[PDB]
Each structure stands twice: as structure tokens, then as C-alpha cells.
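Residues take their numbers from the sequence shown, with the count starting at 1. The analysis underlying the following values was restricted to heavy atoms, covering all of them including side chains, and did not include hydrogens, waters or symmetry mates. All ligand and atom numbering here is 1-based and tracks the order in the structure.
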Amino acid sequence: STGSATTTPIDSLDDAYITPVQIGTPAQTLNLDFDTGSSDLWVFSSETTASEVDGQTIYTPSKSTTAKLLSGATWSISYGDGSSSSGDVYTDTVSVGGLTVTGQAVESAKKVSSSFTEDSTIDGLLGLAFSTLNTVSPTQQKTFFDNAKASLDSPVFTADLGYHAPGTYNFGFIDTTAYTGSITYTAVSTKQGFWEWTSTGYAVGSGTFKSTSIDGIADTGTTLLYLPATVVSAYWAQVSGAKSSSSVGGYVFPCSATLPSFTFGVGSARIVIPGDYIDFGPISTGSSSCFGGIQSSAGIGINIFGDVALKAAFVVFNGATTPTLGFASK
Ligand SMILES: NCc1ccc(C(F)(F)F)cc1
Ligand SMILES: NCc1ccc(C(F)(F)F)cc1
């Protein structure tokens, strides 16, 4: 079997993408952020502290005839940005674009950090990293992808994110009409629980390609591209007036500049990120300083190929017994 769902940017900057997901019987539809950097399916719910909910659709297990409390199970998560949430655990039926999993662990948020409360468009997260990162205690739970794997025609899902436009998450098949050329596959390390791979180098604008190994993770749940200080400095050196700002916490650039593209290597292939994708607009309403979509990973400890990079490609997450990542131009 297969599944297919449209994902939509939450705002005009593509800060995140939401995808409708059906939970419970009868269906309760929540718009979740699909996150290949985490492994917990957690949702706003009728158990979430009332003051911490501001416009989200909530999951109500008491109205679902298939929901079962997972006795004694708890969860607690902390994301690399400082976000966090925690609560208890139900099992229920969960469907994404026609693909149904029974007995999926649904983590009901009792507490959420402020950054979730202020994002009224996001009802929760659907984690798609490897199940070794799931935070359910004392019994670790499987992700939606791991639970569906056996029933999928092919143990893959693909991410086709749009630039200021809707996109598609497909489960169980590769849409050969959705990309140009060939898909280039590259090896993945699962040792940290991420879709971790090694890029073969980079280029700035029309410059020479620099062959160098950049280890990083493919993360649909991170907005920007976080790369080593040396690479990021070489990119912003090509933008007149660009500078790293401590008060802003990143590279900013004059909103009147035009940005060069950024190329990253996948084996012998090249994925080109158009310069417009790197513009994240004014740092404050009315400002003439604009925020850059390529930032240093020095403070983070790992390089992150976030939406900025991934939306420039058709991306295959191949969850075969030896996992691989595929990239194609589109
Ligand atoms: N999108 C989930 C996520 C967020 C942060 C990180 C970090 F910071 F640990 F790399 C990994 C995964
Ligand atoms: N990387 C996971 C993640 C995704 C989204 C958010 C936001 F946007 F809701 F704050 C926080 C953390």
C-alpha cells in the first residue's frame, strides 16, 4: 500500500510545513509538522494545559473509540532550538493520505514550551527519524514510518517541499514524474539516530566547486541550512554589506542585495539552491536588514540540511535494511 499527502508552508517565509493527519475513530484531523530530525508523534490534546493552547486543534482521546491509554508510559522531548514538551501516551489509529497504521503511539502533550503555543498553525509533530530516538519511557515506541514499513509497497518515503508553494510527502513509492534527471543515492549512518549523510562539497554562485566532506543530517523539521563556519563565511563574503550580527544571532545582509546561489554535492551530483531561497526577509517589520537562510553550525555541534536545502531537491528517504538518501533535481 501507499500514501500521499500535500504539505503547505505555514507562512510567507516557509518557516515550517504542515500536513493533515487523521487520528482516531471517527477521524480527528490535525495539521502536523513532519520532522525527519525527531522520532516522536506528539499532539496538542484535551490534556494540554489550557493556558498553553492558543488556537491549535486538539486531539481528544475520549472521543475516539480506538484510543487506548498506554498505562504508565510517559514522554519528554527537548529540541535543538530549546523547544520542549511532555505528557502521556495513547495508542490509536493514524492515517496519512490514505495510509493507515493501527496501534500507533500518539503522545498527548500535557505541557508545551512557549514557542509551540505561539505557533497556532502547528498542531504537533510527526517524527520520521529512526525509532532509537523516541522518548517514550519505559517502553520505547516506533515511528509512523517504522510501523507502516511492512505494509508499504516499498520501504521509502519522499519529501518534495515547495518554495512559497505546497508540496508532497509520499509513502511507499517514488513518483518518477516529480524530478528531472536521475536520483543520486548516498549512504546514511544511523549511529546517532538521524538521517546522517556526507556531502561531497560546495560552491558559491558561479565559483569553483570545493571538494570537501561535510557530514550533516537531512532534517525537514529545521528551517535553515546550518553549515561549518568556514563554508558560511565563504558564502557571505560574496554579499556586499553582509555581516554576522551578535544581537541578531546570525548573518544579516542589506535587503537590497541580490543573493548568489549555493551548490552542495551529493556524490558526483550537484544540487543548486537558488539565491532567492536564502532570503528570509527583514529582521523586524520595516527594517532594511534581512536575515540569511545559511547560518553557522558552530554553536550546534552538527551540520543541518534543513528546508532551505531540501526544498531545492526531490528527496528519497530509503528505509531499506541498509538505509540510503536519494537526491534529484526538480
Ligand atoms: N528537527 C529536529 C531536530 C532539531 C534539532 C537537532 C539538533 F540541534 F540536535 F541537531 C536535531 C533534530
Ligand atoms: N525541529 C523541531 C521543531 C519544529 C518546529 C518548531 C517550531 F517552529 F514550532 F518552533 C520547533 C522545533
Numbered atoms of ligand 2 (with element) below 4.0 Å of [X], judged on heavy atoms:
X    : result
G221 : 1 (N), 2 (C), 3 (C), 4 (C)
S83  : 11 (C)
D119 : 7 (C), 8 (F), 9 (F), 10 (F)

What atoms of ligand 1 come closer than 4.0 angstrom to any heavy atom of [X]?
X    : result
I302 : 10 (F)
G37  : 1 (N), 2 (C), 3 (C), 12 (C)
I300 : 8 (F)

- [ ] For the pair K68 and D92, find out whether any cationic side-chain nitrogen is under 4.0 Å from an anionic carboxylate oxygen.
- [x]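 Here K68 does not pair with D92 in a salt bridge, since their nearest N and O are not under 4.0 Å apart.
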
TODO: Determine the sole option in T36, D307, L310, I304 for which the side chain to side chain contact (heavy atoms under 4.5 Å, CB included) test with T222 is passed.
DONE: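 By the side chain to side chain contact (heavy atoms under 4.5 Å, CB included) criterion, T222 pairs with just one of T36, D307, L310, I304: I304.
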
Heavy atoms only: which of [options] lies closest to [atom]?
atom                   : options         : result
atom 7 (C) of ligand 1 : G80, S297, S39  : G80
atom 5 (C) of ligand 2 : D219, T222, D33 : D33
atom 6 (C) of ligand 2 : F116, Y79, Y17  : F116

Open item on the list: Would the distance check show the side chain of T29 and the main-chain N or O of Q22 forming a donor-acceptor pair, the cut-off being under 3.5 Å?
Closed with: no

Task: Under 3.5 Å: donor-acceptor pair, side chain of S45, backbone of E47 - done: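 At least one qualifying donor-acceptor pair exists.
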
Task: Neighbour count >12 (heavy atoms, 6.0 Å) for atom NZ, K111 - done: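 Incorrect, the count does not exceed 12.
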
Task: Geometric class of the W195/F145 ring pair [parallel <30°, tilted 30-60°, perpendicular >60°] - done: tilted

Task: Test ring-ring contact (aromatic ring centres under 6.0 Å, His included) applied to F327 and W197, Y185, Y179, the passing residue - done: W197

Open item on the list: Below 3.5 Å, N or O to N or O, backbone or side chain included: is there any such pair between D35 and ligand 1?
Closed with: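 Checking ligand 1 against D35, an N or O pair does fall under 3.5 Å apart.
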
- [ ] With heavy atoms under 4.0 Å as the rule, classify the contact between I304 and ligand 1 as side chain, backbone, both or neither.
- [x] side chain

- [ ] Pick one of side chain, backbone, both or neither for how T220 approaches ligand 1, counting any non-hydrogen atom pair under 4.0 Å.
- [x] neither

Open item on the list: Distance alone, cut at 3.5 Å: any donor-acceptor contact between the side chains of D54 and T117?
Closed with: no

Task: Flag for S83-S115: side-chain donor and acceptor within less than 3.5 Å - done: yes

Task: Closest protein heavy atom (residue, atom, distance) for atom 12 (C) of ligand 2 - done: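 The answer is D81 OD2, 3.2 Å.
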
- [ ] Report the nearest protein non-hydrogen atom to atom 10 (F) of ligand 2: residue, atom name, distance rounded to 0.1 Å.
- [x]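 So the nearest neighbour among protein heavy atoms is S115 OG, 3.5 Å.
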
